[PDB]
Amino acid sequence: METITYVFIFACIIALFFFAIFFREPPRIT
Amino acid sequence: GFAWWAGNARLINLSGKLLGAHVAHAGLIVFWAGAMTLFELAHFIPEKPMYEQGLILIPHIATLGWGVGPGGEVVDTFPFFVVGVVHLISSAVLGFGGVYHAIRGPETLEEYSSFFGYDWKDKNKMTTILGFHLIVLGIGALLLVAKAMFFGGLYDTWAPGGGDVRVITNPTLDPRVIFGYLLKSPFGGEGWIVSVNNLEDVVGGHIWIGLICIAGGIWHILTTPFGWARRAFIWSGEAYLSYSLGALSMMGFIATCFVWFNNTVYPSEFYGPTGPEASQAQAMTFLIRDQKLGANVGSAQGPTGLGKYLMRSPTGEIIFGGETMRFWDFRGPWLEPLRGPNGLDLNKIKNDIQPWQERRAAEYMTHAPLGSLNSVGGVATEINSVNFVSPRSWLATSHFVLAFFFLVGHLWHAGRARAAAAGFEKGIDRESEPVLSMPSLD
Amino acid sequence: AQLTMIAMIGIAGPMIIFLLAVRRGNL
Amino acid sequence: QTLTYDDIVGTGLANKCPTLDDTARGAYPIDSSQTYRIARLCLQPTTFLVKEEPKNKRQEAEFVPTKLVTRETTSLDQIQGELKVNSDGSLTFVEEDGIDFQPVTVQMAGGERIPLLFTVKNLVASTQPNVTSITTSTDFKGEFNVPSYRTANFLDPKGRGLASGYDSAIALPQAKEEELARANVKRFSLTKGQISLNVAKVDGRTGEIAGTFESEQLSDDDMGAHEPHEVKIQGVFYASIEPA
Amino acid sequence: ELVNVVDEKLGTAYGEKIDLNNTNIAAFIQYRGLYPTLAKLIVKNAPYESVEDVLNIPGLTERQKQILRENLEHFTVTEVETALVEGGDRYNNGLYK
Amino acid sequence: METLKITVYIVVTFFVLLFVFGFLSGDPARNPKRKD
Amino acid sequence: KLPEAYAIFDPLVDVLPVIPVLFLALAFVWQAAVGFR
Amino acid sequence: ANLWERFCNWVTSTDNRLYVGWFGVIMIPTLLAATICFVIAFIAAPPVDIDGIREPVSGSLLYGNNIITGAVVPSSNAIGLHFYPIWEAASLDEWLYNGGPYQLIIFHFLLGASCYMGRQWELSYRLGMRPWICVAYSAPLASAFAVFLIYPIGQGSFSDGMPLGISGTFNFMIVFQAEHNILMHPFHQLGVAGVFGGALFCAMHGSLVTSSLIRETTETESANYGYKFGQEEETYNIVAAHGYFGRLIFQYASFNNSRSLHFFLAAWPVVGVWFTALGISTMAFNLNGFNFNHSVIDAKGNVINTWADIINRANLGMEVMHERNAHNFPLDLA
Amino acid sequence: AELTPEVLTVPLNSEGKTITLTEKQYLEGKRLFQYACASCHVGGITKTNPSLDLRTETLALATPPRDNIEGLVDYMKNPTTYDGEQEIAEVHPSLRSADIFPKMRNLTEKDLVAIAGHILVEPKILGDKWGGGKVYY
Ligand SMILES: CCCCCCCCCCCCCCCCCC(=O)OC[C@H](CO[C@@H]1O[C@H](CO[C@H]2O[C@H](CO)[C@H](O)[C@H](O)[C@H]2O)[C@H](O)[C@H](O)[C@H]1O)OC(=O)CCCCCCCCCCCCCCCCC
Ligand code: CLA
Ligand code: CLA
Ligand code: CLA
Ligand code: CLA
Ligand code: CLA
Ligand code: HEC
Ligand SMILES: CC1=C(/C=C/C(C)=C/C=C/C(C)=C/C=C/C=C(C)/C=C/C=C(C)/C=C/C2=C(C)CCCC2(C)C)C(C)(C)CCC1
Ligand SMILES: CC1=C(/C=C/C(C)=C/C=C/C(C)=C/C=C/C=C(C)/C=C/C=C(C)/C=C/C2=C(C)CCCC2(C)C)C(C)(C)CCC1
Ligand SMILES: [Cl-]
Ligand SMILES: [Cl-]
Ligand code: NA
């Protein structure tokens, strides 16, 4: 159960990487 | 437009003052070489091994075969003095040319003579200066061929009888050998060119290099770059600086490993034993000590189940046990007489270990390249007493530091050259920002 | 001493700067 | 012709026992009024079989195959000893000395590592009687000693050992000590194994012999910590004979 | 039932006297005349059923027999303990300084 | 296992070739200011 | 040890190796004369 | 519009969400190899005989590790510096036992980070930037080369490289100190000064800038909405900042050229981390930290201990215990 | 505590005569020991044979005794094994073997007494640390 927990949190972090790069609030100028 | 701290960048298009800087600087190198040798010799004591004595330059001369005899004993120190004095004397000629060209002499050459005048963007002039220097280098590699073959030879740690100066009669010319070294893996057991272990191959290699440098020297004088080269490179003073910095850095990292692993052209009689050598020597020291007491070294099971004194490598060769199982690729003239074709030979070990080999193993084990920065010999926990840092550690560490910083210099100047060559080394033109004309990424 | 000779050399350099700056030379 | 180190290094041939030509079908005769030695005995395993445990009771498990995970580090070699002629004409080899042990670990299906001390230590092996000649039908059978895989100074990952180390689970200071006794008190096993050497090649000119071997011995018991497995080793051998 | 055999041994004469059947060879340095020559011989020829048996080792100079005689009271003999003699541990038991 | 070795030797050669020829295809000219 | 006839110069040679370094120092003396220009 | 030329134009496009480039052509596969082998090994690799003594060390989660204690374990001392790709092993079971995954990961990873660095130069060139950000990154990259490659080369074994695990890291830095007295090595001391110093100036610059933001918002709104991406005027007043810090210390110990200030920010930690990378790299050749063991004694010759000897006692207990089964001889010479 | 003559008084021979060294000799001994010997014997141990140290008690039970200036000076001329049974100049530095151990070449007879004297005084100053090894560092 602890192995499932460590790997699940890691996988959630990798998923958040994906959204934060490809689905970010785009920076716009002035 | 340079500040005082980038002041030598003001020399870039001042061919005359730049010549004086290079030549003054070359005197500094010949000066250190001359003074340092005289410093070393003044301090030398011949009853002591060179490597108990902080010497780096004398070991280089001894290795060319001057001043030494069988087994590395120094016979004559006069060749050491002469080498020092001549380097030192010649630094002043170089000094002289360097200050004259740097101060009084013409600020720029191309007005005084079209031969010695150069422009960095002149691809033919530059490759022709390259070619002259290639031939000079070619000559230099052959001078060592000539020392080895016609003027007394070289110290051969592998000679029978403890090593000796030996004239090299049949240098290796076979390109499968000479150029096979360039194709060997750098990983353990292979060692790339660092594994060269006989003088025939070293002298062979230099016949080859000297010919190739002359070949190529002549090539670059007679040619100009082809379009594929013209479009691939930056053609500027800074960009050529950056290229040579790459090559010096590469070259220094090779030097570092050379002096750390190779005991042929860095003989251990002079420079001390290698790390691997000293680790092997200890297993030898205690194998001798215990077998004399009655131990059957080949049958002694150690705490792990592996042989206490002798185990097998992963491809099966019989090797020394303990942590030194890592060092089984070691090859040394004191050790090789025990090697049979399956690795170390238990009948030779039982029967044929000589006193000189006992001596060598004891010596090298107690002169392992481990020491503090303030020259306390041994592991970090040893007390004061032994004033000793192996010349190998000093030579390996100095050149790693230098190799590293020249690689940084290479990135620095190469990126700057690219940037200057395209017109934005001084920053981004506000009225014309590239990114402002590109579409957004999202 | 060695402090004698190393002082004779250590002074050589700054002496060259001095002499020029006094007698306005191309520094 | 024999090779040099530089020829062999890194090939794995160093881990291989000498072979005899398949013509070598001679016989080597034995003068009971002479004494002989084995100048070199080489044993080279090729197969490691482990005995399984079949849960029930009246089924008896089989020997199953394993994978070697410790590379070309398996051969015994440079073994020597007296080769004797007994009253009745049987021959007895007596191991004196040699590289007579190699640690090995093979891996069973399911990824269990099985470590063992492959060995012929203290090998005493003997033929039938009335030999009079070593032939391609001669069979040695003998037993040897299997000492403990670790010797007495070996420390487990908590610093526990037999001639050295802690005598308790110091990480569990007020834990019930009886349930850890088997893990706290290290024991040094010493068992016996059996071996058969089947000679299939004899070079009467040179006193060299070669053949096949099968030995049985126990695996590592981790200083009494768990029960050992039964191990069967198969391979080839070479031996050179000499007048004393 | 599970005992440490090394610890049990330290409660026999092995823990007070040089054990001719078990003690590492470096203990013969504690008495003069013994190390390395005789020590080599005693260890090679173990085991011994009695302390006196050391005198019957073949090759003993009559001077050697007297250095043993002088020292017999520092010797003893207990059952060979496998854990102390396997591994060549009588030649090197992994203790240096 | 040997098949594997082949596959990796080929993969690597292919990417290194890409790299070398990529930088020989006029790489100084690929900037936003001065192309030559 | 140096040869006998140069014995005299021994303390000079103990100081020579260091002189290349003294040139670096000297460039900073010089720049202090001209006001790091 | 030739096939090769369209390709070359995509590789170097500054329109790709992530820049690729020629250095990226090597970086993407080498880092995907390292990453995929790391994750799989951290989760499931079986135990590895790191020190050649047939004493395997469990590094992975399914074998009873947690996130802190798990590692990819370095390859076996038996291999030393030998190259151990998969195809040199008789099987993957052997390759796993002997630590092959670590060699695969560290080599791919070193290459790919080397190319990360070039990639950083490359995009700066395509965007019309100055080039030297990659020189800043060279200090960590140098540090990674030091503990994964150089230090093993010099000690003879990838088994003395740094494990890829949190506790493995601590093992390696504990044993480093017993064998090299790195605390007493000056290049590590500059590294501390490089890293303590950069943390300090990080906070200084970010506190001083934050202290001199210009009022653009109300107390109901984040001050950050005072700044709009790409606005042309500065968002703080650097003279108010100079005037505060110059009075906190004195005028000339404060900057008021922002270019010199940011170069100083860049250079202090980069240089200090170069040195500590050099320290690990030169201790690879056993040119160890200062040794002041028994340097102070009295008129009779008694040792008078200093803190250096206390450190040595500590170092000794580290020395005599590491790899406790691994040494048959009295000197741990490598 | 200071380097007083009581501490500087060492046996000269087995008959228990004594000899008192100057401070100069003591420091000469300490210099020569570092030059010619510490590489193996730093601390009074023996790096290449730890089973044998320079504690005075070990020297006392060496055959020929070596807990005195004579035995020690002799040992530097003609080393033997601990039981005195075989000469080991082939493999231990000595005047008899200075052909092969060149640092022994320029050691005068007084040098040998300072070395011997240093070895007998040092355990008096440092106690268990001399010959003790790392346990006592
Ligand atoms: C992310 C953003 C960017 C997008 C990226 C693009 C996405 C692409 C992502 C793909 C990555 C996929 C993940 C790869 C998993 C690695 C699989 C592996 O290691 O798989 C290996 C498997 C496993 O092997 C088995 O491995 C076992 C190892 O067991 C271990 O594992 C067991 C548990 O499994 C037990 O614990 C056991 O005890 C333990 O020892 C045994 O050794 C078996 O004998 C052995 O067969 O092998 C096999 O059968 C496999 C076949 C190889 C056989 C050899 C033939 C040669 C074929 C080579 C093909 C090369 C590939 C082509 C390259 C490209 C060319 C176009
Ligand atoms: C063959 C070697 C070589 C050459 C000829 C050059 C040449 C040049 N460099 Mg490059 N450089 C090199 C190697 C080299 N570099 C290396 C290896 C590095 C990495 C460190 C750099 C990093 C570098 C940077 C960052 C910059 C240059 C710049 C320059 C230009 C002006 C430099 C100047 O005036 O310095 C004048 C000299 C000084 C300011 C003194 C430096 C003092 C050093 C750092 C201290 C030495 C002390 C030493 C370590 C020992 C300590 C002991 C103690 C007694 C002091 C010039 C074209 C500049 C440039 O791009 O201009 C175009 C620039 O900004 N260089
Ligand atoms: C190897 C080191 C080296 C060398 C060879 C040079 C060489 C040079 N520099 Mg650079 N420079 C260096 C280090 C070096 N520099 C460092 C470390 C810095 C940072 C402090 C600088 C900063 C710097 C600046 C800011 C400038 C130069 C300039 C110059 C050139 C003009 C010198 C001049 O007119 O000064 C005049 C100096 C004097 C009149 C003083 C006397 C100096 C003499 C030569 C000392 C020699 C003493 C020696 C013992 C004599 C033996 C004589 C015997 C052999 C006959 C010259 C080619 C200038 C340049 O590029 O001009 C366009 C310039 O503006 N340099
Ligand atoms: C390192 C390269 C180098 C380069 C490219 C130059 C280039 C130049 N110098 Mg300079 N010079 C140099 C080194 C160099 N010099 C040195 C080392 C000194 C100090 C002695 C001088 C002193 C000097 C003076 C005093 C003058 C020049 C002048 C000139 C110009 C004309 C040269 C000419 O026609 O000579 C003719 C060519 C020859 C006589 C051929 C000489 C062949 C040599 C001797 C053989 C090679 C030596 C060998 C490689 C190594 C030495 C051996 C040793 C290892 C034992 C030209 C721009 C002149 C100038 O600019 O006027 C305004 C001028 O008046 N030079
Ligand atoms: C100081 C050394 C030196 C330098 C700086 C140059 C510089 C140059 N040469 Mg010359 N050359 C030299 C020595 C040198 N040469 C010698 C000795 C020879 C005789 C063999 C030649 C023969 C030669 C020919 C025949 C040609 C040049 C050309 C050129 C230009 C193109 C360089 C290029 O694209 O290479 C960059 C290299 C490549 C793109 C391919 C290199 C592949 C190598 C082998 C990979 C190895 C790297 C590896 C990681 C490191 C380990 C080594 C490995 C082999 C084991 C350039 C001006 C070209 C030119 O324009 O001619 C006029 C050309 O066609 N040169
Ligand atoms: C990691 C080190 C590194 C990095 C990042 C760079 C980066 C750079 N170099 Mg330099 N280079 C290096 C080392 C490095 N170099 C060395 C050691 C040398 C001397 C031999 C050179 C020689 C050199 C020249 C001659 C030129 C550059 C130039 C450049 C720039 C443009 C891109 C380019 O041509 O790269 C070229 C790439 C290399 C030379 C090799 C870098 C190695 C990378 C990191 C790995 C490549 C993987 C490899 C192909 C496969 C190996 C593994 C496989 C066999 C299993 C860029 C700033 C160019 C420029 O514009 O300068 C002004 C240029 O013309 N470099
Ligand atoms: C290694 C290269 C050594 C050097 C240098 C010196 N000694 Fe040594 N010593 C060494 C060994 C291996 C041994 C044991 C010899 C044996 O097998 O018995 C010794 C022994 C001694 C002893 C006797 C100690 C005892 O307890 O009886 C003495 C007194 C001794 N060595 C003195 C000595 C001196 C004065 C040295 C410098 C001139 C010296 N040794 C150097 C190894 C090495
Ligand atoms: C002497 C001797 C020898 C020999 C040696 C030799 C013979 C050598 C060779 C060498 C060689 C022959 C080398 C080569 C090298 C090369 C290199 C180093 C290259 C580089 C490259 C580069 C750098 C490039 C890059 C690029 C790209 C990729 C793209 C475009 C751009 C550029 C161009 C940059 C021996 C060992 C036997 C022994 C001892 C002695
Ligand atoms: C070989 C010989 C010779 C030669 C010599 C020479 C060549 C020398 C030179 C020398 C030199 C070349 C010198 C120089 C020196 C210098 C110095 C002495 C320096 C100092 C400096 C300083 C002190 C600094 C300071 C500062 C400043 C100024 C500013 C900034 C800050 C500072 C602080 C850095 C003779 C003749 C003797 C003869 C015999 C032998
Ligand atoms: Cl550890
Ligand atoms: Cl060991
Ligand atoms: Na003292």
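Per the deposited record, determination of this structure is attributed to X-ray crystallography, with the resolution reported as 2.27 Å.

Time to look at the domain arrangement of chain D. Residue and element names in this part refer to chain D. Under the domain assignment used here, chain D contains domain 1 (22-150 + 187-244) and domain 2 (151-186). Using only C-alpha atoms to locate each centre, domain 1 and domain 2 end up separated by 34 Å. Taken residue by residue, the interface counts nine residues in domain 1 and seven residues in domain 2. For the domain 1 and domain 2 pair, buried surface summed over both sides reaches about 790 Å², with 58% attributable to carbon and sulfur atoms. Sorting the residues of domain 1 by area buried against domain 2 places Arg150, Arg187 and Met223 first, and these three jointly supply 65% of that buried surface. Our enumeration of links across domain 1 and domain 2 arrives at zero salt bridges. If you look at where domain 1 meets domain 2, you find four residue pairs in polar contact. Looking at side-chain class alone, the side of domain 1 that touches domain 2 contains four nonpolar, two polar and three charged residues.

Right, let's get into the coordination of the magnesium atom of ligand 6. Just one protein atom coordinates the magnesium atom of ligand 6, and that atom is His410 of chain B (NE2), at 2.2 Å. Mapping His410 of chain B onto the fold places it in helix α14 (residues 391-422).

Let us now look at the state of the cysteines. Each disulfide is one covalent bond, formed between the sulfur atoms of two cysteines. Counting across every chain of the model gives one disulfide over all chains. Shown here is the disulfide that connects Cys17 of chain D with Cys42 of chain D, its sulfur atoms set 2.0 Å apart. Every disulfide takes its handedness from the sign of the S-S torsion; for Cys17 of chain D and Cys42 of chain D that torsion is -90°, giving left-handed. Of the two residues, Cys17 of chain D is situated in the loop between α1 (5-8) and β1 (28-29) and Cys42 of chain D in strand β2 (residues 36-51); the sequence distance between them amounts to 25 residues. Of all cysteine sulfurs, the one in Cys134 of chain H lies closest to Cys115 of chain H, which takes part in no disulfide; the gap is 13 Å.

So, about the coordination of the magnesium atom of ligand 4. Of the protein atoms, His101 of chain B (NE2) alone serves as a donor to the magnesium atom of ligand 4, at 2.2 Å. Position of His101 of chain B relative to the elements: it lies in helix α3 (residues 78-104).

With that settled, the discussion passes to α14 of chain B. All names here are of chain B. For α14, built from 32 residues, the straight-helix expectation of 46 Å at 1.5 Å per residue is met to within 8% by its first-to-last C-alpha distance of 46 Å. One side-chain oxygen of the residue at the start of α14 lies 2.9 Å from the amide nitrogen of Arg392, identifying that residue as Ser390. Following α14 by one or two positions, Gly423 adopts a phi angle in the positive range, close to 90°.

Before going further, it helps to spend a moment on the arrangement of the chains. Once contacts are tallied for each of the 15 pairs of chains in contact, the highest total is for chains B and H. The two partners chain G and chain I share no contact, and the minimum distance between any of their C-alpha atoms is 15 Å.

Residues and elements named next belong to chain E. Look at helix α2 (residues 37-45) against helix α3 (residues 62-71): their axes get within 11 Å of each other, and the N-to-C directions meet at 80°. The angle between α2 and α3 falls in the class roughly perpendicular. Across the interface between the two elements, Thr37, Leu38, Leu41 and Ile42 from α2 touch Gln64, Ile67 and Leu68 from α3.

Formed by 95 residues in total, the largest nonpolar core has its most connected members in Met284 and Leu310 of chain B together with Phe28 of chain E. When residues of this core are assigned to domains, at least three map to each of domain 1 (1-272 + 369-442) and domain 2 (273-368) of chain B. Excluding residues that lie within four positions of it along the chain, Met284 of chain B makes contacts with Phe320, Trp334, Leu335, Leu338, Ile353 and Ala361 of chain B. If you look at the next biggest cluster of nonpolar residues, it comprises 89 residues, including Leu38 and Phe404 of chain B together with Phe148 and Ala277 of chain H.

Another aspect to go through is the site of ligand 4. All names here are of chain B. Near ligand 4 the following residues occur: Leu19, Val23, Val93, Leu94, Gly97, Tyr100, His101, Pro106, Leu109, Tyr112 and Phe116. Within the side chain of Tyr100, an N or O atom sits 3.4 Å from an oxygen atom of ligand 4. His101 is positioned such that a nitrogen or oxygen atom in its side chain is 3.0 Å from a nitrogen atom of ligand 4. Counting residues per element, the shell around ligand 4 draws most heavily on α3, at five residues. Grouping the amino acids of the shell around ligand 4 by side-chain chemistry returns nine nonpolar, two polar and no charged.

Cut-offs and rules
- Residues numbered from 1 in each chain as written, not as in the entry; some residues may be left out.
- Chains lettered and ligands numbered in written order.
- Part of a larger assembly, values for the part shown.
- Heavy atoms only, no water.
- Residues with missing side-chain atoms left out of burial classes, pairs and counts.
- Domains from an automatic or database assignment.
- Contact = heavy atoms within 4.5 Å.
- Buried area = accessible area lost by both parts, 1.4 Å probe.
- Salt bridge = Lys/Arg side-chain N within 4 Å of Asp/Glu carboxyl O.
- Polar contact = N/O pair within 3.5 Å; in protein donor to acceptor, adjacent residues only side chain to side chain.
- Nonpolar A, V, L, I, M, F, W, Y, C, P; charged D, E, K, R; others polar.
- Donors = N, O, S within 2.8 Å, 3.2 Å for Na, K, Ca; no water.
- Helix = DSSP H or I, 4+ residues; strand = E, 2+ residues; numbered from the N terminus.
- Disulfide = S-S within 2.5 Å.
- Expected span 1.5 Å × (residues − 1).
- Axes fitted to C-alpha atoms, helices over the stretch in contact; angles between N-to-C directions.
- Parallel < 35°, antiparallel > 145°, perpendicular 65-115°, else oblique.
- Core = buried A, V, L, I, M, F, W, Y, C linked by side-chain atoms within 4.5 Å.
- Buried < 20%, exposed > 50% of the residue type's maximum accessible area, 1.4 Å probe, protein only.
- Near = heavy atom within 4 Å.

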